[PDB]
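Below sits a lone chain in structure tokens, taken as the form deposited in one PDB entry.
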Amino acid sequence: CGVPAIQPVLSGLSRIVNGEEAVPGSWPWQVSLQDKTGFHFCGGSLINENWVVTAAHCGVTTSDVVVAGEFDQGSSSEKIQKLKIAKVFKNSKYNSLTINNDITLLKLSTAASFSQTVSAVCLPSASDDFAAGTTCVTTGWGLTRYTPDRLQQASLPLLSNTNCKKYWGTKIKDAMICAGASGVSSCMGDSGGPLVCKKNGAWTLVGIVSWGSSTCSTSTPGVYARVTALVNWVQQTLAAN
């Protein structure tokens, strides 16, 4: 997990404004969630051939579809896998008002076929420490909500929850983590999309997009479900299902 067969290329432009275009296939766990009509509404991350992790506030159902291996949503020519969802596992502690514990697991009806462009992100262990100031990466097609059709990426620093409260106040709970406010927007991340940090040669899922600045401000951080706080529930769910 966490080692793309196609290595990402992150330049200085990933750190400013709205980030930069990714190298195609270099974020191979990145998936798109589409409704039964093909409309992209959320992102997510493959954690193995049978399971995708996303945000609970995406409200995914078994009539939605996981699309893996995508780079350009406007291209009907690249190789992609449209994967049916067998069952949706929303974290029972999710609260649609506070948006806390904002994580859902999707079990696929048939396994994805892993390849150079389709593979899994690593999950952290519950006790992993991703320190404030660590440079992490968010990817997605989130800018299409407001424009490029190709997968974007941005490098942005993790904040401590205390400093994040300076921006978002009492909205910030223990099961959240913030990143950004460093001169780059967080808006390229789709709802439910990944925030990954590279530790020991492997990209690890540290956050899941929950919400960001309503104006995509470069000085307001994004807010993410804190995966370390929720990975024990992820593993219990996989083991029971």
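Counting begins at 1, following the sequence as shown. So that the term is clear: the rigid core is the largest set of C-alpha atoms that superpose within 1.5 Å between two forms.
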{"item": "Residue 15 unmodelled in at least a third of other compared entries", "value": "yes"}
{"item": "Gap size between residue 147 and residue 146, counted in deposited residues that the entry leaves unmodelled", "value": "4 to 9"}
{"item": "Which of 91-99 and 73-81 has higher mean CA B factor, as the PDB entry lists it", "value": "73-81"}
{"item": "Entry-level comparison of average CA B-factors, 38-46 and 211-219, reporting the higher stretch", "value": "211-219"}
{"item": "Identity of residue with top Cα B-factor, from 137, 106, 121, 111", "value": "111"}
{"item": "Third of chain Cα B-factors occupied by residue 3", "value": "lowest"}
{"item": "Position of residue 185 among the chain's modelled residues by C-alpha B-factor, lowest, middle or highest third", "value": "middle"}
{"item": "Relative C-alpha B-factor of residue 154, binned into the chain's lowest, middle or highest third", "value": "lowest"}
{"item": "Chain-relative CA temperature factor third for residue 202", "value": "highest"}
{"item": "Third of chain Cα B-factors occupied by residue 18", "value": "middle"}
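Absent from the display: the form deposited with a partner chain bound. The rest refers to it.
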| item | value |
| --- | --- |
| Candidate spot 185, 213 and 216, all three touching its partner chain in the deposited bound form (heavy atom, 4.5 Å) | yes |
| Interface membership of residue 209, its partner chain in the deposited bound form, 4.5 Å heavy atom rule | yes |
| Residue contact check: residue 57 to its partner chain in the deposited bound form, 4.5 Å heavy atom | yes |
| 4.5 Å heavy atom contact, residue 171 to its partner chain in the deposited bound form | yes |
| Contact of residue 45 with its partner chain in the deposited bound form (heavy atom, 4.5 Å) | no |
| Displaced position between this form and the one not shown, chosen from 155, 91, 117, 73 (C-alpha, 2 Å or more, rigid core) | 73 |
| C-alpha of residue 55 moved at least 2 Å between this form and the one not shown on rigid core | no |
| Rigid core superposition, residue 208 Cα moves 2 angstroms or more between this form and the one not shown | no |
| After fitting the core, residue 187 CA displacement of 2 Å or more between this form and the one not shown | yes |
| Relative Cα spacing, residue 156 and residue 73, in the deposited bound form - shift of 3 Å or more | closer |
| Distance trend in the deposited bound form - C-alpha atoms of residue 188 and residue 22, change of 3 Å or more | farther |
